[PDB]
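A.B. asks: This is the structure I want to talk about, given as structure tokens.
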2 protein chains.
Amino acid sequence: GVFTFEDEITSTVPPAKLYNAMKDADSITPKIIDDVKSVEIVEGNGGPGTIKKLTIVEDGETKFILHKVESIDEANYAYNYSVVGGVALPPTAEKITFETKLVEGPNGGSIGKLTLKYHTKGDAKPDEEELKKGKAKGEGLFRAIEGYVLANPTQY
Amino acid sequence: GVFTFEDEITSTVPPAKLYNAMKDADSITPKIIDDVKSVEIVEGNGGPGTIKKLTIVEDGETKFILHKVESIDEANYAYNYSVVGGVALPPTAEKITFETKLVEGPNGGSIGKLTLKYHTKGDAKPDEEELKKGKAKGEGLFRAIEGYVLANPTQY
Ligand SMILES: O=S(=O)(O)c1cccc2cccc(Nc3ccccc3)c12
Ligand SMILES: O=S(=O)(O)c1cccc2cccc(Nc3ccccc3)c12
Ligand code: NA
Ligand code: NA
Ligand code: NA
């Protein structure tokens, strides 16, 4: 099944900057997120369809995660990617899609919509703790990008 | 002369957690700020009076900022440091101090109480543009430390 969850967020950063920075995620992520060590393109040019291998550490152990870039829609400052392999897909999970869409906020910032689509195998539902973890990672990635823009204002 | 300015910024991060990040600047600053590559203690043991060097590489050229730790008060979630030399000190400034102390805020978050203390040479008043930069830097770094914490939720 597919189970969809939407959360509304804010940023003091304007949306075109966050959008441009979201596209440098491969460079930003290992800098800001301690446990992300590398991001390598397996296939593709960085746009939709691109497969990426992420090397992370969990408890001193190296683990590998696979991401796919799904779609980008610059018109709506929208960037979608999915987790397609590794530890975040327990046996009853097929894939998890993380969508981000941004609009201008009331004071030079942004209003964001973070959508999590949790794809299960057959009849299964998302485990509640797995959904919690997934939402945390998706928002954490958004906050890594935002934090990088806040710390490096001349770059966007 | 000395000229001082207060502001308050809210954070969703609870103060003990946010404070732990404030005290870990030597590790965090090179992670968040692209051009800051390392922090070296020049004199002292890390507490008040410690002099630190932030090593920067900007467009290929090595530079530094010098910091002095002014006060650390864990009980009241306070971490104060000064820029005392190098590229972050304008030629018209003697010293610029960035004070941060946290109090409990709404929803188990924090309010960061920021003070900028701008020390001029002799009888001059602060350069208005440098005051602007100093205020923006103080807020921007608070928001970026916060962002690092929100991007790394396990580390806390
Ligand atoms: O967990 S995942 O579902 O792949 C995941 C989901 C959504 C966004 C992610 C961004 C970076 C790294 C991931 N993996 C990761 C794993 C461990 C530590 C830090 C990051 C992300
Ligand atoms: O370029 S600055 O003028 O400082 C600057 C000005 C205004 C806002 C800033 C926000 C984050 C980082 C900066 N720079 C920074 C540079 C080195 C160390 C720490 C902060 C900001
Ligand atoms: Na790193
Ligand atoms: Na890292
Ligand atoms: Na750096």
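Convention: chains lettered A, B, ... in structure tokens order; per-chain residue numbering from 1; ligands numbered from 1 as shown.
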Mind the document's chain letters and residue numbers, and return as a PyMOL selection string the residues of range 3-149 of chain A that DSSP labels helix (DSSP H, G or I).
C.D. replies: chain A and resi 15-22+25-32+74-76+128-149
A.B. asks: Which neighbours of range 92-94 of chain A fall inside 12 Å, counting only C-alpha atoms, when residues of the same chain fewer than 4 positions from it are skipped, and could you give them as a ChimeraX atom specification?
C.D. replies: /A:1-3,82-88,117-127,130-131,134
A.B. asks: Show me, as number ranges by chain, the residues of chain B whose atoms get within 10 Å of chain A, using only C-alpha atoms for the distance check.
C.D. replies: B: 28-35, 137, 139-155
A.B. asks: Let's see if you can do this: from backbone DSSP, list all strand (DSSP E) residues in range 53-133 of chain A, as number ranges by chain.
C.D. replies: A: 53-58, 61-73, 78-85, 93-104, 110-120
A.B. asks: Those residues you just picked out, can you put them in a file as a short mmCIF file (atom, residue, chain, number, x, y, z; two decimals), in the first residue's frame with N, CA and C atoms?
C.D. replies:
data_model
loop_
_atom_site.label_atom_id
_atom_site.label_comp_id
_atom_site.auth_asym_id
_atom_site.auth_seq_id
_atom_site.Cartn_x
_atom_site.Cartn_y
_atom_site.Cartn_z
N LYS A 53 24.45 6.40 -4.10
CA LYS A 53 24.81 5.58 -2.95
C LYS A 53 25.36 6.45 -1.85
N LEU A 54 24.77 6.36 -0.66
CA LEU A 54 25.18 7.10 0.51
C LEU A 54 25.89 6.13 1.44
N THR A 55 27.05 6.55 1.91
CA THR A 55 27.78 5.80 2.92
C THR A 55 27.59 6.49 4.23
N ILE A 56 27.05 5.79 5.22
CA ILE A 56 26.80 6.37 6.52
C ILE A 56 27.49 5.52 7.56
N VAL A 57 27.51 6.04 8.78
CA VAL A 57 27.95 5.28 9.93
C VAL A 57 26.82 5.24 10.94
N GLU A 58 26.61 4.07 11.52
CA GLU A 58 25.63 3.89 12.60
C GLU A 58 26.39 3.09 13.61
N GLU A 61 29.66 1.45 12.67
CA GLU A 61 29.60 0.46 11.59
C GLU A 61 29.20 1.17 10.31
N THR A 62 29.94 0.90 9.24
CA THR A 62 29.61 1.53 7.94
C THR A 62 28.42 0.81 7.32
N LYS A 63 27.46 1.61 6.83
CA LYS A 63 26.25 1.11 6.19
C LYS A 63 26.05 1.86 4.90
N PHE A 64 25.29 1.25 3.99
CA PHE A 64 25.07 1.82 2.67
C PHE A 64 23.59 1.97 2.43
N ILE A 65 23.22 3.11 1.84
CA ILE A 65 21.85 3.52 1.61
C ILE A 65 21.79 3.88 0.13
N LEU A 66 20.66 3.57 -0.48
CA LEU A 66 20.46 3.92 -1.91
C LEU A 66 19.35 4.92 -2.06
N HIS A 67 19.58 6.01 -2.78
CA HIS A 67 18.54 7.04 -3.04
C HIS A 67 18.30 7.12 -4.53
N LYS A 68 17.09 7.50 -4.89
CA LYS A 68 16.76 7.81 -6.29
C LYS A 68 16.18 9.23 -6.35
N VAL A 69 16.69 10.08 -7.24
CA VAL A 69 16.04 11.37 -7.51
C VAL A 69 14.79 11.11 -8.32
N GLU A 70 13.64 11.54 -7.85
CA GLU A 70 12.37 11.21 -8.50
C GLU A 70 11.94 12.24 -9.52
N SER A 71 11.92 13.48 -9.14
CA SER A 71 11.29 14.49 -9.99
C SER A 71 11.72 15.80 -9.37
N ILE A 72 11.74 16.81 -10.23
CA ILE A 72 12.02 18.12 -9.82
C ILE A 72 11.02 18.95 -10.62
N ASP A 73 10.57 20.02 -10.01
CA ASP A 73 9.55 20.90 -10.61
C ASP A 73 9.96 22.24 -10.10
N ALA A 78 10.05 22.50 -6.10
CA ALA A 78 9.74 21.14 -5.65
C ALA A 78 10.81 20.15 -6.06
N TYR A 79 11.17 19.27 -5.11
CA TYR A 79 12.34 18.36 -5.27
C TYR A 79 11.88 17.09 -4.54
N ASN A 80 11.89 15.94 -5.22
CA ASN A 80 11.44 14.68 -4.64
C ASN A 80 12.56 13.66 -4.79
N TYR A 81 12.82 12.90 -3.72
CA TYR A 81 13.78 11.81 -3.77
C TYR A 81 13.24 10.63 -2.96
N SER A 82 13.71 9.43 -3.25
CA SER A 82 13.23 8.25 -2.52
C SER A 82 14.42 7.48 -1.97
N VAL A 83 14.18 6.86 -0.82
CA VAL A 83 15.06 5.79 -0.30
C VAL A 83 14.61 4.50 -0.89
N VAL A 84 15.51 3.83 -1.60
CA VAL A 84 15.23 2.61 -2.38
C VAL A 84 16.07 1.42 -1.99
N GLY A 85 16.99 1.62 -1.06
CA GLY A 85 17.77 0.50 -0.55
C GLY A 85 18.46 0.84 0.76
N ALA A 93 8.70 -2.96 4.02
CA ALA A 93 8.75 -1.70 3.29
C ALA A 93 9.38 -1.85 1.92
N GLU A 94 8.81 -1.21 0.93
CA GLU A 94 9.33 -1.27 -0.43
C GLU A 94 10.23 -0.09 -0.73
N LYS A 95 9.77 1.11 -0.37
CA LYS A 95 10.52 2.34 -0.61
C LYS A 95 9.82 3.47 0.15
N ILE A 96 10.54 4.55 0.37
CA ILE A 96 10.02 5.71 1.04
C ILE A 96 10.35 6.92 0.22
N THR A 97 9.35 7.71 -0.13
CA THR A 97 9.55 8.92 -0.94
C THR A 97 9.39 10.16 -0.11
N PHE A 98 10.33 11.04 -0.25
CA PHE A 98 10.41 12.31 0.50
C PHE A 98 10.25 13.46 -0.50
N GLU A 99 9.12 14.17 -0.41
CA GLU A 99 8.81 15.28 -1.31
C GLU A 99 8.93 16.56 -0.50
N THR A 100 9.45 17.58 -1.15
CA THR A 100 9.57 18.91 -0.56
C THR A 100 9.05 19.91 -1.58
N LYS A 101 8.11 20.76 -1.14
CA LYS A 101 7.63 21.85 -1.98
C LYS A 101 7.67 23.12 -1.16
N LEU A 102 8.12 24.22 -1.77
CA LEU A 102 8.26 25.49 -1.08
C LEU A 102 7.49 26.62 -1.74
N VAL A 103 6.95 27.52 -0.92
CA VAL A 103 6.37 28.77 -1.37
C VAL A 103 6.93 29.91 -0.50
N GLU A 104 6.76 31.14 -0.96
CA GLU A 104 7.19 32.30 -0.20
C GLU A 104 6.37 32.38 1.09
N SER A 110 10.18 31.12 3.92
CA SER A 110 9.49 30.06 3.18
C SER A 110 8.47 29.36 4.03
N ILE A 111 7.44 28.83 3.36
CA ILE A 111 6.54 27.82 3.95
C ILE A 111 6.76 26.55 3.14
N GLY A 112 7.09 25.46 3.83
CA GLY A 112 7.38 24.19 3.21
C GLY A 112 6.30 23.15 3.47
N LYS A 113 6.15 22.23 2.52
CA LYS A 113 5.33 21.04 2.71
C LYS A 113 6.28 19.88 2.53
N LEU A 114 6.45 19.09 3.59
CA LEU A 114 7.22 17.83 3.55
C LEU A 114 6.25 16.69 3.46
N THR A 115 6.27 15.95 2.35
CA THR A 115 5.41 14.82 2.16
C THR A 115 6.26 13.56 2.29
N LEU A 116 5.79 12.61 3.10
CA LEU A 116 6.44 11.30 3.22
C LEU A 116 5.46 10.29 2.67
N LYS A 117 5.87 9.57 1.64
CA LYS A 117 5.05 8.46 1.09
C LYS A 117 5.74 7.15 1.38
N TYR A 118 5.10 6.36 2.26
CA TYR A 118 5.65 5.13 2.74
C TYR A 118 5.03 3.99 2.00
N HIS A 119 5.81 3.38 1.11
CA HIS A 119 5.29 2.28 0.27
C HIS A 119 5.56 0.95 0.96
N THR A 120 4.50 0.21 1.28
CA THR A 120 4.65 -1.11 1.92
C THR A 120 4.47 -2.23 0.91
#
A.B. asks: Please give the root-mean-square deviation of the Cα atoms once chain A has been least-squares fitted onto chain B, pairing every Cα in order.
C.D. replies: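 The optimal C-alpha superposition leaves an RMSD of 1.3 Å.
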